[PDB]
Amino acid sequence: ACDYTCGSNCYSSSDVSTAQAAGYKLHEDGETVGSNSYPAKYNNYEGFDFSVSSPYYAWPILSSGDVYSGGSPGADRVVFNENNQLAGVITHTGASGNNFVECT
Ligand SMILES: Nc1nc2c(ncn2[C@@H]2O[C@H](CO)[C@@H](OP(=O)(O)O)[C@H]2O)c(=O)[nH]1
Ligand SMILES: [Ca+2]
């Protein structure tokens, strides 16, 4: 079963931890990759009910299993905070415009 389901993409907790670790590392080094400069600040316009405190940062999680290194970020993102705590997993899939919805 999927720990997180983003559209047709299935993710396990291990997939999320691996992606989060990569994104947090770049965050601590102040380095960014991709046209959207990930890891990027996530303002939570959607108003998701995250249990951990902000600031939040979004980092792409890929359905291929590989860690994001630039290029197309796809539609899914892992959101983490300054303490390297997981806030949630979100996606543009099934969301209007440039908004996000949570993966179930
Ligand atoms: N939907 C959404 N986009 C945000 C938020 N904070 C920052 N953004 C950024 O703003 C852009 C959308 O206006 C997003 O790019 P993306 O659409 O390429 O993912 C994303 O990087 C937020 O809270 N919600
Ligand atoms: Ca996987």
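Order of appearance sets the numbers: ligands from 1, and atoms from 1 within every ligand. All values below come from the heavy atoms of this structure, side chains included, with hydrogens, waters and symmetry mates left out. Sequential numbering from 1 along the given sequence is applied to the chain's residues.
- Side chains of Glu31 and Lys25 form no contact here, defined as non-hydrogen atoms less than 4.5 Å apart.
- Atom 19 (O) of ligand 1 has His92 NE2, 2.7 Å as its closest protein atom, hydrogens excluded (heavy atom only).
- Taken together through direct or relayed side-chain contacts under 4.5 Å among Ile, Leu, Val, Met, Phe, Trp and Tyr, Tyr56 and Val78 form parts of separate hydrophobic clusters.
- Taking a cut-off of under 4.0 Å to the non-hydrogen atoms of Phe100, the atoms of ligand 1 that pass are 1 (N), 2 (C), 3 (N), 19 (O).
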How far apart are the C-alpha atoms of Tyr42 and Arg77, what are their side-chain angles, what is the distance that settles it, and do they pass the side chain to side chain donor-acceptor pair (under 3.5 Å) test? CA-CA 10 Å; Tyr42 182 68; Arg77 308 281 182 277; over 6 Å; no
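- In this structure, atom 10 (O) of ligand 1 is not in close contact with the protein, since no protein heavy atom lies within 4.0 Å of it.
- Ligand 1 has no nitrogen or oxygen under 3.5 angstrom from a nitrogen or oxygen of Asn99.
- Near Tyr42, with a cut-off below 4.0 Å to any heavy atom, the atoms of ligand 1 are 5 (C), 6 (N), 22 (C), 23 (O), 24 (N).
- For atom 21 (O) of ligand 1, the nearest non-hydrogen atom of the protein is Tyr38 OH, 4.5 Å.
- Considering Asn44, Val79, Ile90, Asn36 only, the shortest heavy-atom separation from atom 18 (O) of ligand 1 involves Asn36.
- Here is the list of ligand 1 atoms found below 4.0 Å of a heavy atom in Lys41: 6 (N), 7 (C).
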Taking it one step at a time, do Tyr11 and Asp76 satisfy side chain to side chain donor-acceptor pair (under 3.5 Å)? CA-CA 10 Å; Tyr11 299 114; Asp76 315 327; 2.6 Å; yes
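- Within 6.0 Å of the CG atom in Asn83, the count of heavy atoms belonging to other residues, nucleotides or ligands exceeds 12.
- Cluster membership for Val79 and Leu86, using ILVMFWY side-chain heavy atoms within less than 4.5 angstrom, is not shared.
- The protein non-hydrogen atom at the shortest distance from atom 6 (N) of ligand 1 is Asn43 N, 3.0 Å.
- Less than 4.0 angstrom separates atom 2 (C) of ligand 1 from at least one non-hydrogen atom of the protein.
- Less than 4.0 angstrom separates some heavy atom of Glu46 from each of these atoms of ligand 1: 1 (N), 2 (C), 22 (C), 23 (O), 24 (N).
- The aromatic ring centres of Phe80 and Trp59 sit 6.0 Å or more apart.
- Taking every non-hydrogen atom of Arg77 and a distance limit under 4.0 Å, the qualifying atoms of ligand 1 come out as 19 (O).
- Stacking of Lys41 on the aromatic ring of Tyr57 is recorded, both the 6.0 Å distance cut-off and the 45° axial limit being met.
- Summary of contacts: the protein heavy atom closest to atom 4 (C) of ligand 1 is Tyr45 CE1, 3.9 Å.
- From the protein, the heavy atom lying nearest to atom 13 (O) of ligand 1 is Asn98 CB, 4.4 Å.
- By the criterion of side-chain heavy atoms lying less than 4.5 angstrom apart, applied directly or through intervening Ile, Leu, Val, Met, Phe, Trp or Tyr residues, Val16 is not grouped with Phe48; the two fall into different hydrophobic clusters.
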